[PDB]
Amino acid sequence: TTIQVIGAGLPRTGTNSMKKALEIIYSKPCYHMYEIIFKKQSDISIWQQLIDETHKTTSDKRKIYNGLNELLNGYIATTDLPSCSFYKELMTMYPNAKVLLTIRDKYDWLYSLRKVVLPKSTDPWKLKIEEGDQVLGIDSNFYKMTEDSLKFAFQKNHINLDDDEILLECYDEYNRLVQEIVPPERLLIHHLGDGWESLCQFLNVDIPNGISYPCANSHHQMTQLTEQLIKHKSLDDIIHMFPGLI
């Protein structure tokens, strides 16, 4: 089992649904941000080390390749941050792996991003997200990894993350760059709502009979999850309220 599909799409572009879609298609696991959160929080420090490495005047590419390979051992694909930021390295490591770019309307994307991943520093909701995440054992270590990997994707060292206009332009530039660098034949651009047909055609497989395309991780659901984590202080006690998520 090695990487067959590299998810280049940014957070809040349907990466969890794509993770689940690929797991249906291949019957093998796909890496995702939520693997880190709900299964493997020890991966946070590893990713942080790899992202830190890219900031050196001479990065150790071999260290990065080895680190990526160890992180993704046992997985058939990967999606979302932090791995999407390393799509060029992953292409080099896995020359026969196809690349998926999940994409959506940039304003819907920014809105979703502010609700779930990157609230503005003085958004009162930011404190609520953090309180809920405490229940899961998630703290500033995770947020630093997330933000650094986003800055890496955007190829910025200095960025005002509270600037909506910068984030919108970085999003368009990121998506444009993916389409430029990845040869057309090993790229599929998958738009939010495209479903099974284009994906299965791209991967040379049949559309899964009687199985719907995954559709969870909405910001409405995420907001409910945060609220319920705060209320009950136990993921176990509320997980029955959130099927098809983790």
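Note that residue numbering begins at 1 and tracks the sequence as displayed.
Per the record, averaged over C-alpha atoms, which has the higher B-factor: 203-211 or 42-50? On average, C-alpha B-factors are higher across 203-211.
Tell me which stretch has the larger mean Cα B-factor in this entry, 141-149 or 155-163. So the stretch with the higher mean C-alpha B-factor is 155-163.
Taking the entry's C-alpha B-factors for this chain, is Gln179 in the lowest, middle or highest third? Ranked within chain, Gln179 CA B lands in the highest tercile.
Lowest, middle or highest third - CA B-factor, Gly67: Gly67: CA B-factor falls in the lowest third of its chain.
Split into thirds by Cα B-factor across the chain's modelled residues, where does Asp80 land: lowest, middle or highest? Ranked within chain, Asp80 CA B lands in the lowest tercile.
Comparing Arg114 with the other modelled residues of its chain, is its CA B-factor in the lowest, middle or highest third? For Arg114, the deposited C-alpha B-factor lands in the lowest third.
Third of the chain's Cα B-factor distribution that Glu130 belongs to, per the entry: Tercile = middle for this residue's CA B-factor.
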